[PDB]
């Protein structure tokens, strides 16, 4: 019954706080909405550096509310030249059932929460994923992500259509890191990723041997 407004959240390091919108899409009954934060290993963290409030709140039928994301002085201890990964959780508590012998379903929405330091603040439709480098290797490709941001790759094929509908195993590269994925060799490699808005753009590469850079 309770829902979040996005699939990922970017926290602007130049800000000390920001909000996320939540909704009780159930028009008949009130539901509770709990919110909390997890670190990069998805372990719940209560002492910062990012905090979620309120930890729980009641939502009347059809009610719209929000959750606030705030930072603590320790936020400045996070690296300031790359992104840091967190997870935001929103889980509902349906009202206790009337009937006896019942099973109830409770939805929990978990999304990536990227802490983006001010030094790498970004512009409205900016693209950095075009700096991804593809190195052909034994078994597939070694994706290289030299950018200071996390990049979520959801496709890799010989065509644009194959990059999208292709059967690929979604992997997320950490800032300044690489990673090898198993894949068939392609003449004109195509890659698909998830941007800040949830969009899935498709990047076309051109290879110079075992190296492949995005085509501008």
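Residue numbers count along the first chain shown, from 1.
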Assert higher mean C-alpha B factor (114-122 or 137-145, deposited values) equals 137-145
Going by the entry, of stretches 152-160 and 35-43 the one with greater average Cα B-factor is 152-160
Per the deposited B-factor column, the C-alpha that peaks among 100, 90, 93, 85 belongs to 100
From the entry's CA B-factor values, the highest among 70, 179, 57, 65 is 179
Residue 183: CA temperature factor from the record, placed by chain third, in the highest
Split the chain's modelled residues into thirds by Cα B-factor; residue 175 lands in the middle
Chain-relative C-alpha B factor for residue 194 (record values, thirds): the middle
Sorting the chain's modelled residues by C-alpha B-factor and splitting them into thirds places residue 204 in the highest
The third of the chain into which the C-alpha temperature factor of residue 1 falls is the middle
